[PDB]
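Trainee: got an experimental structure here, sequence first:
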Protein chains: 2
Amino acid sequence: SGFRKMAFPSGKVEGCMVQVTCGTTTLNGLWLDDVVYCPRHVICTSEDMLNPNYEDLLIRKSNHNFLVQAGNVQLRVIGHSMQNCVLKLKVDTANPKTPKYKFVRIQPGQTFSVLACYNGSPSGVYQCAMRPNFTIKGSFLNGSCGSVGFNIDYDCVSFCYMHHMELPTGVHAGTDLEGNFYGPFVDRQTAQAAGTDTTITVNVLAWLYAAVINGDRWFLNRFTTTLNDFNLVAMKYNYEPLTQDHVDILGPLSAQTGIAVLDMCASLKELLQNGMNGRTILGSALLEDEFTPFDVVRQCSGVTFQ
Amino acid sequence: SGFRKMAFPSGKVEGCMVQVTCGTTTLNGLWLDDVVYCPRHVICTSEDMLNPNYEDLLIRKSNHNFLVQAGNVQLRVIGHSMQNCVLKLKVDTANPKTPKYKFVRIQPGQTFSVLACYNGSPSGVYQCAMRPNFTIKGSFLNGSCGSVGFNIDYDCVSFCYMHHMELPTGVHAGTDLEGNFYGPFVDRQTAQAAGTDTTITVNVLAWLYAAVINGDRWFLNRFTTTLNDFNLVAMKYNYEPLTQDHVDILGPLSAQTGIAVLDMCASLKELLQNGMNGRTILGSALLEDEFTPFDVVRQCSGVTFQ
Ligand SMILES: *C(=N)[C@@H](NC(=O)[C@@H]1[C@@H]2[C@H](CN1C(=O)[C@@H](NC(=O)C(F)(F)F)C(C)(C)C)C2(C)C)c1cncc2cccc(F)c12
Ligand SMILES: *C(=N)[C@@H](NC(=O)[C@@H]1[C@@H]2[C@H](CN1C(=O)[C@@H](NC(=O)C(F)(F)F)C(C)(C)C)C2(C)C)c1cncc2cccc(F)c12
């Protein structure tokens, strides 16, 4: 038992991180087979970064303008192209550590692991959720651009995020690995800002089930509620609506604990209306919404990855 | 910016995990050079686990009683011995993925990364602290014994923990890699229980500095206090004493933020006496004590590891 913010083992991704330099800018790239993926804003100067025409900027670049460092070994760049907001740098060596992989795009409310990197060197791993407003609450400093987010399905790495920028509130924005931004953000210096967020209701319910599995039961009650009446309370507290599909997804956790989904909804309603009155749930005095039902089953049942 | 519970990249440790089977028991081992380390209780039967004499139990074992699985490859065991509460299984192949490593023992209040494993296969990575009562609040299921905790110093893995058991409150106990238990726990089924814990004061102060660095300032005040008068309040709230050495260790964070250590102590006193009044700090409604000053500097300044 116990319940932790748990990331996937990062080894398979560590073997893919490289350093990409163009001009005076250094950031991280992802080396898979003979291609290195990195944010296209690597080619921008400080004054380019204001209002850039990336097609113009890239046509003025040459293969030799891109220095790629794979540990302490040069990679020779033999081609370059732009795909949406990422650059694809063709190199003359296929990464011998290429894992099996997929490029997937995730949904708000889904989670993933982030391998924070600097100068092509991994520094730490942590778990994030894609917020409903398409930002992530990451931990990123200067030089972290090009770090990637991913999930692992058994032996296959599903890359879902590459880091591009920090918004003024300290949250983070980036793209999928096809270079398409999550949310209404652009790789150019505007006054862009996150905009309103909501709490991920189905995840809060999953985490309440995790708590019951780990012996926290004080918030339970004999009460129940209807889905419609629950959603009336959810909207009032900036929670997003609970669908019948969410209820179905919570089925296994409901069966394991013997607590019907709509009963756990009744418990959530009371927590929203009354607060916690000095008590905690799984070491938190807040309702936690960055664990999916899958994350809870993974950790309160025990699947590995090879 | 941002602040996350961040673990070290796990790749170097993933390459060392193997599966160890003896009789009907399967657990994890750590393969370094030509030795595999695992909990000695692997050799116990269910009824052995009650009150065992490990010297007797081990003399009745043979090399061939130990099956070691390195992925999908047999390792032949060519010797076995006991060192305190761990077994050392000599094998006929040195692990080609052995990183540079050290066996270190950590202090209560220090942090480390845990690579949770099952059947020799890594499943997730997360960050823990050694509690003052020598337990860790981990996330571990059946089969997780032999999973290890570690820190990374630059390119060198300092192994500090191997998992042995879950206590009745759901917290976890284990040994250093010399097989010496952290705390007053034994690898045999008694009624042993965690016993009283305290909050790690210097870590709470470090995390308050992290919050200031990330723009949370509402808890600051013009107030100050003396170390002696602070420690009077700390003891009343089950916080452990703050020493002059802790104050010195917080020096860099104090200089970076311009907030004197004893001023931040005054802020902590008020938070302990008044609570937070509906507000949060770095996404928490509790005072967090599992980040060390080093963890804060690492994440709010940005060191990598190669
Ligand atoms: C990546 N290493 C770095 N981010 C960028 O280089 C990124 C690119 C231009 C500036 N920028 C960026 O994040 C801006 N933010 C904005 O322009 C925004 F508010 F989002 F609109 C700041 C430098 C002011 C943070 C692009 C294309 C926008 C990066 C990544 N992660 C965290 C960082 C923290 C601090 C400084 C950085 F440069 C950071
Ligand atoms: C490791 N895979 C497993 N733990 C053990 O096998 C461990 C060894 C005997 C029983 N045991 C153990 O953790 C007991 N706990 C106790 O005896 C205690 F309360 F600590 F005194 C329980 C099986 C009742 C949990 C030894 C030498 C004590 C293990 C590891 N981590 C989590 C687990 C959760 C559930 C079941 C396990 F077997 C767990």
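Mentor: The structure has been received and is ready for your questions. Numbers count the residues shown, from 1 in each chain, chains lettered A, B, ... in the order given. Ligands and ions are numbered 1, 2, ... in the order given.

Trainee: and the host helix or strand of residue A:262, anywhere near chain B?
Mentor: Using DSSP states H and E, residue A:262 sits in helix A:261-274. No - for helix A:261-274 and chain B, the contact criterion (Cβ under 8 Å from any Cβ of the partner chain) is not met; the two come no nearer than 12.9 Å. In short, each C-beta sits where N, CA and C put it, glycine included.

Trainee: how about that helix: buried residues?
Mentor: Neighbour counts over helix A:261-274 (16 or more other Cβ atoms under 10 Å in any protein chain shown) mark A:261, A:262, A:263, A:264, A:265, A:266, A:267, A:268, A:269, A:270, A:271, A:272 as buried.

Trainee: regarding chain A, what is its longest strand?
Mentor: In chain A, with assignment by DSSP state E, the single longest strand is strand A:156-166.

Trainee: enumerate the residues of chain A near ligand 1.
Mentor: Within reach of ligand 1 by Cβ under 6 Å from any ligand atom, chain A has these residues: A:27, A:41, A:49, A:140-145, A:164-168, A:187, A:189, A:192.

Trainee: again, only using 8 Å
Mentor: Counting by Cβ under 8 Å from any ligand atom, the residues of chain A close to ligand 1 are A:25, A:27, A:39, A:41, A:44, A:49, A:138, A:140-146, A:163-168, A:172-173, A:185-193.

Trainee: in strands, which of those residues appear?
Mentor: Per DSSP E, the residues of chain A next to ligand 1 map to strands at A:25, A:27, A:39, A:163, A:164, A:165, A:166, A:172, A:173.

Trainee: the first one against residue A:46, yeah?
Mentor: Same thing as residue A:25. No - judged on Cβ atoms under 8 Å, residue A:25 makes no contact with residue A:46 at a distance of 9.1 Å.

Trainee: okay, those two: which has more neighbours?
Mentor: Taking other Cβ atoms under 10 Å in any protein chain shown, residue A:25 and residue A:46 do not tie; residue A:25 has more neighbours (17 against 10).

Trainee: which residues touch the more buried one?
Mentor: A:42, A:44 (Cβ atoms under 8 Å, 6 or more residues apart in numbering or on different chains).

Trainee: go on, the one 5 residues further on?
Mentor: For residue A:30, the set of contacting residues under the criterion of Cβ under 8 Å, 6+ apart consists of A:16, A:17, A:18, A:36, A:37, A:38, A:146, A:148, A:159, A:162, A:177.

Trainee: over to residue A:292?
Mentor: A:109, A:110, A:111, A:129, A:202, A:203, A:206.

Trainee: can we see that at 6 Å?
Mentor: Contacts of residue A:292 were listed using Cβ atoms under 6 Å, 6 or more residues apart in numbering or on different chains, and they are A:111, A:203.

Trainee: what of residue A:128?
Mentor: Here residue A:128 is in contact with A:114, A:136, A:138 (Cβ under 6 Å, 6+ apart).

Trainee: okay, now the residue in the stretch 151-300 of chain A positioned nearest to chain B: neighbour count?
Mentor: Nearest residue of the stretch 151-300 of chain A to chain B (Cβ to the nearest Cβ) works out as residue A:285 at 3.8 Å. Neighbour count of residue A:285, defined by other Cβ under 10 Å: 17.

Trainee: skipping adjacent residues, who's closest to it in space?
Mentor: Closest residue to residue A:285 apart from its sequence neighbours, by Cβ to Cβ, 6 or more residues apart in numbering or on different chains: residue B:285 at 3.8 Å.

Trainee: quick one, helices of chain A?
Mentor: In chain A, the helices defined using DSSP state H lie at A:11-14, A:54-59, A:201-213, A:227-236, A:244-249, A:251-257, A:261-274, A:293-297.

Trainee: now tabulate those helices in CSV and tack on distance to residue A:87.
Mentor: What follows is the helices of chain A, written out as CSV (distance: least, Cβ to Cβ, whole Å):
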stretch, distance to residue A:87
helix A:11-14, 19
helix A:54-59, 8
helix A:201-213, 34
helix A:227-236, 42
helix A:244-249, 37
helix A:251-257, 42
helix A:261-274, 45
helix A:293-297, 32
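
Trainee: which among these is found nearest to ligand 2?
Mentor: Relative to ligand 2, the nearest member of the helices of chain A by Cβ to the nearest ligand atom is helix A:201-213, separated by 12.1 Å.

Trainee: give the contact list for the closest residue to chain B within the stretch 1-150 of chain A.
Mentor: Of the stretch 1-150 of chain A, the residue with the smallest distance to chain B, taken as Cβ to the nearest Cβ, is residue A:11 at 3.1 Å. For residue A:11, the contacting residues are B:11, B:14, by Cβ under 6 Å, 6+ apart.

Trainee: how much space between it and residue A:125?
Mentor: Distance of residue A:11 to residue A:125, given as Cβ to Cβ, to the nearest Å: 10 Å.

Trainee: compute the number of surrounding residues for the residue in the stretch 101-250 of chain A positioned nearest to ligand 1.
Mentor: Closest approach between the stretch 101-250 of chain A and ligand 1, counting by Cβ to the nearest ligand atom: residue A:145, at 2.9 Å. By other Cβ under 10 Å, the residues close to residue A:145 number 25.

Trainee: wait, it touches residue A:39, no?
Mentor: Yes - the criterion here is Cβ atoms under 6 Å, and residue A:145 meets it with residue A:39 at 5.2 Å.

Trainee: what pairs with residue A:80 across the strands?
Mentor: Note on residue A:80: beta-bridge partners residue A:89, judged by DSSP bridges.

Trainee: neighbours of the closest residue to ligand 2 within chain A, how many?
Mentor: Nearest residue of chain A to ligand 2, counting by Cβ to the nearest ligand atom: residue A:1, 6.1 Å away. The criterion is other Cβ under 10 Å. On that basis, residue A:1 has 17 neighbouring residues.

Trainee: now swap in the one 4 residues further on and tell me
Mentor: The local packing count at residue A:5 equals 21, with neighbours defined by other Cβ under 10 Å.

Trainee: residue A:201 now?
Mentor: Look at residue A:201: counted by other Cβ under 10 Å, it has 23 neighbours.

Trainee: spell out which residues of the stretch 1-150 of chain A are next to ligand 2.
Mentor: So far as Cβ under 8 Å from any ligand atom goes, the stretch 1-150 of chain A lies against ligand 2 at residue A:1.

Trainee: picking up where we left off before, most neighbours among the contacts of residue A:30, which one?
Mentor: Counting by other Cβ under 10 Å, top hit in the contacts of residue A:30: residue A:146 with 29 neighbours.
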